[PDB]
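Mind having a look at this structure? Questions to follow.
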Amino acid sequence: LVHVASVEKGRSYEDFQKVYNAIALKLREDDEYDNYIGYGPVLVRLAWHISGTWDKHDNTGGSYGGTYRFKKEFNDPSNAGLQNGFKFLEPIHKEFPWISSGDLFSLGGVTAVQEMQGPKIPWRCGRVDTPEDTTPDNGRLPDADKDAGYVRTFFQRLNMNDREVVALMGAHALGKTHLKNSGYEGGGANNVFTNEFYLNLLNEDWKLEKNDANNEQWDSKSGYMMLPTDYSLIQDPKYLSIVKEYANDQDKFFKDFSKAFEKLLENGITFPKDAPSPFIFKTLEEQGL
Ligand code: HEM
């Protein structure tokens, strides 16, 4: 199964920058969402969940097909709450109907990371919407009530190594858990992209508590929380070394997250030899907008 990137007809960098900008301006405008966290975190999570269905073994799933628009995936219990991201992106899609769904969902996550003062994430266009029958089944996204070995094995399906897994997980500096979505509650509710996931893991006094869904989570008095799979990153000594690296080197973390996140968003896609180079979008701030 090959999915070959096909550039939206006639489109170039400037077209996608306009899309980025529309996203970015709406992120700034619609600031009230989720008790003033804004939409950045849920957009990042959307881009991850639309990509995280991928299976390297048969090239099923992944961002290419834009299959989150179909009910089976839209309704995946693992995707609870992402509807808010989809709804945010809806008016963007209506303005730019020529952009593919996979391109839009992935670009939403890139835009969100950048506008939240994260690293630049190079991004490539050319995902093509595929039919409803190409929608992967539910169950390919990860459970949170697991340990490091589960994390490691799970991410092998996405062709991600220890460093890539630890780097990607630093997105958990963003947003929060919502009991009604996932059976977990709380978190810093942060909307600025930093290496604070790793700092929090190492520096907080974590207590293993049971939440109101009767699930275990790690909580601190500062109001931070870690899922069991997050905390596993300091229980496994191979992950712990990388945690410490990223806690002590913001730039390194940025650079590694950018590479891993682009890879995540591109898994499954074959880019022709004369496809455009990846785009690096200017932030609103960089544009004076
Ligand atoms: C073992 C891997 C992972 C598991 C088990 C996991 C699980 C979770 C859970 C349970 C939530 C709470 C959702 C809610 O209650 O609304 C969450 C939130 C989030 N996740 Fe992950 N996640 C994982 C990996 C990742 C990765 C790789 C990324 C991105 C690179 C990511 C980005 C996010 C973001 C941004 C949120 C916050 C959403 C919000 O504030 O609405 N996650 N994830």
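Does region 256-274 contain any residue that is within 15 Å of residue 162 (Cβ to Cβ), more than 14 Å from the ligand (Cβ to nearest atom) and part of a helix (DSSP H, G or I)?
Looking through region 256-274, none of the residues is within 15 Å of residue 162 (Cβ to Cβ), more than 14 Å from the ligand (Cβ to nearest atom) and part of a helix (DSSP H, G or I).
Quick check on region 152-207: of everything there that is within 23 Å of residue 32 (Cβ to Cβ) and more than 8 Å from the ligand (Cβ to nearest atom), which residue is surrounded by the fewest Cβ atoms within 10 Å (Cβ to Cβ)?
Checking each candidate, the answer is 192.
Now a separate question. Name the single residue, out of those in region 56-113 being within 15 Å of the ligand (Cβ to nearest atom) and in contact with a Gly (Cβ under 6 Å, 6 or more places away or on another chain), that is farthest from residue 24 (Cα to Cα).
The selected residue is 62.
Now for a separate question. Restricted to region 12-42, and to residues that are buried (at least 18 other Cβ atoms within 10 Å of the Cβ) and not in a helix (DSSP H, G or I), which residue is nearest to the ligand (Cβ to nearest atom)?
Residue satisfying both the conditions and the ranking: 37.
Confirm whether residue 253 is in a helix (DSSP H, G or I), aromatic (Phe, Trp, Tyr), within 30 Å of residue 65 (Cβ to Cβ) and within 13 Å of the ligand (Cβ to nearest atom).
Considered against the rule, which asks whether it is in a helix (DSSP H, G or I), aromatic (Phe, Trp, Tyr), within 30 Å of residue 65 (Cβ to Cβ) and within 13 Å of the ligand (Cβ to nearest atom), residue 253 comes out as no.
Scan region 64-98 residue by residue and report those that are surrounded by fewer than 16 Cβ atoms within 10 Å (Cβ to Cβ) and assigned to a loop (DSSP other than H, G, I, E, B).
75, 80, 97, 98
All of the numbers you see were taken from the coordinates with simple rules; none came from a lab. Positions of Cβ are backbone-derived with ideal geometry, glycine not excepted, and every protein chain shown enters the neighbour counts.
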